[PDB]
Every structure is written in C-alpha cells, then in structure tokens.
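Engineer: experimental structure and sequence below.
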Amino acid sequence: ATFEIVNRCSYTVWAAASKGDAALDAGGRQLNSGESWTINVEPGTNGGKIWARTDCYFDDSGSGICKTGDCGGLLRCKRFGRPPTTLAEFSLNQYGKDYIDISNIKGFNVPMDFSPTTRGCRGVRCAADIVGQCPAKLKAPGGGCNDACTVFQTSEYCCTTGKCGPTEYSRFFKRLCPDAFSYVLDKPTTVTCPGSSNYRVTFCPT
C-alpha cells in the first residue's frame, strides 16, 4: 500500500512510521513545510502507526532527540514514539479489509487528517487546537497535550483491568475531536476501507 505523508504545517516535522517492532519503509524523515514523503507499506501489516515529531535535533548518524514523539533517539524509527503523539493507526488486508483510525490515546501533538486516496471509504481528522486548549495538568512542557494515562498512571486512565469509563480528561479530547479515540474503551471510530487501499496522512490539514 502507498501512503503519502504531507506536512502542511508552517513548521518542520519529522515524520515516523513503525509497527512497534520494526520500521515501516525508512521509518522516519524530515518534512519541511509543504514537503511530501511517499512510503510503501507491505500488505498485511497489522498495527502500523504514523506520527509527527516536533523540535528534533539529529546528527550525521541519525541519532538525536525530539521534544514530542521521540522513538529512542533515532531519525529512522523502529519503535513507537514517546507521547504526546497524535496517531494515525492502520491494519491492512485483514480478511479482505483495511482498518484506519486516528487516536488521541497517547495524547496530541500535531493536527492530522488521514484519508484514503482510493475509492470506497471516508477519512478521519483531528484538527482542533488541542494544544492551545489543553487542561493545565496535561500540558507537556516540550509541547503537546498528554493523555491522562501517561501523566497519572492509574488503572482507570490506562484501562489496565479492561474495565474503565470515560473521564474528565478523555472527554476533553473527545469534545474537540469526536472522530478520534479518546480512551482505550471509547466507542470505536475505526473506518473500514477496501483491502489494499492507498492513503494520505496530512499534518496540519486546515
């Protein structure tokens, strides 16, 4: 499957793509404002994610640090990033269907649109100003708006027992971005697309 990752933000981001135990394609790249990066994701990839990282410094070896979404200090991510990270999530070719969603379960850093470029399903977006409106206790100093599980590490926020409900914090994300997951047991906002669809992830869509 082809993903085109587009940075419409006014600032540089460092895109990342991983399935948690390996890079997808090159795993990461710098995207200046307006740049597009096209990756190939193997059919049948389960549990892939794409995100943006902000305020990164990397050396010639591709080693460094980012203020949001750092993936163990590497330009080319093999593992998932440190919250807060708005996530584009996908599982491809699962019994004939692709499944896509946006998630705020690991917080929010950059607004995102995640849309197919082929026919047969709708996209999803979270483009509200979550950082500007972020509750004081969830604001991340490096930028972004953390989820409550990351900040407080309770069973209720992290849904550790597999029973949890919505919270004051999850409802904040849900109010601003209804089409994104706000907590682990949120009513799913997953979209089902035809198997082998292609997609575009746009940072700062509006």
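Structural biologist: Nice, I can see it. Numbering: from 1, shown residues only.

Engineer: what does stretch 164-178 rub up against?
Structural biologist: Under the contact criterion Cβ atoms under 8 Å, 6 or more residues apart in numbering, stretch 164-178 has outside partners 102, 104, 108, 126-130, 133-135, 138, 145, 147-148, 155-158, 180, 182-186, 189. C-betas here are computed from N, CA, C, even on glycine.

Engineer: determine how far the lengthiest strand in the chain lies from the middle of the whole chain.
Structural biologist: Criterion DSSP state E: the longest strand present in the chain is strand 48-58. Centroid separation between strand 48-58 and its chain, computed with Cα atoms, centre = their mean, to the nearest Å, is 10 Å.

Engineer: paired strands for it, with orientation please.
Structural biologist: Using DSSP bridges, strand 48-58 pairs in its sheet with strand 13-18 (antiparallel), strand 64-68 (antiparallel), strand 87-94 (antiparallel).

Engineer: any chance of the ones you listed in CSV, plus distance to residue 117?
Structural biologist: Compiled in CSV, the strands paired with strand 48-58 are given as follows (distance: least, Cβ to Cβ, whole Å):
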stretch, distance to residue 117
strand 13-18, 16
strand 64-68, 26
strand 87-94, 13
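
Engineer: in the chain, which spans are helices?
Structural biologist: Remark: helices assigned in the chain by DSSP state H are 130-133, 148-152, 155-158, 168-176.

Engineer: and the second one, what does it pack against?
Structural biologist: Applying 3 or more Cβ pairs under 8 Å, 6 or more residues apart in numbering; DSSP states H and E, one finds that helix 148-152 makes contact with helix 155-158.

Engineer: can I get the helix it packs on in PDB, CA atoms only?
Structural biologist: Output of helix 155-158 as PDB, limited to C-alpha atoms (Å, rounded to 0.1, in the frame of the first residue of the first chain):
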ATOM      1  CA  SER A 155      -5.800   1.800  36.300                       C
ATOM      2  CA  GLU A 156      -8.800   4.000  35.400                       C
ATOM      3  CA  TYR A 157      -7.000   6.200  32.900                       C
ATOM      4  CA  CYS A 158      -4.900   3.300  31.400                       C
END
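
Engineer: if we can go back for a sec, reformat the helices of the chain as CSV; add distance to residue 56 and mean neighbour count.
Structural biologist: Converted to CSV, the helices of the chain look like this (distance: least, Cβ to Cβ, whole Å; neighbours: other Cβ atoms under 10 Å):
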stretch, distance to residue 56, mean neighbour count
helix 130-133, 17, 16
helix 148-152, 20, 20
helix 155-158, 27, 16
helix 168-176, 24, 18
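
Engineer: how far away is residue 169 from residue 181?
Structural biologist: 13 Å (Cβ to Cβ, to the nearest Å).

Engineer: thanks a lot, see you next time.
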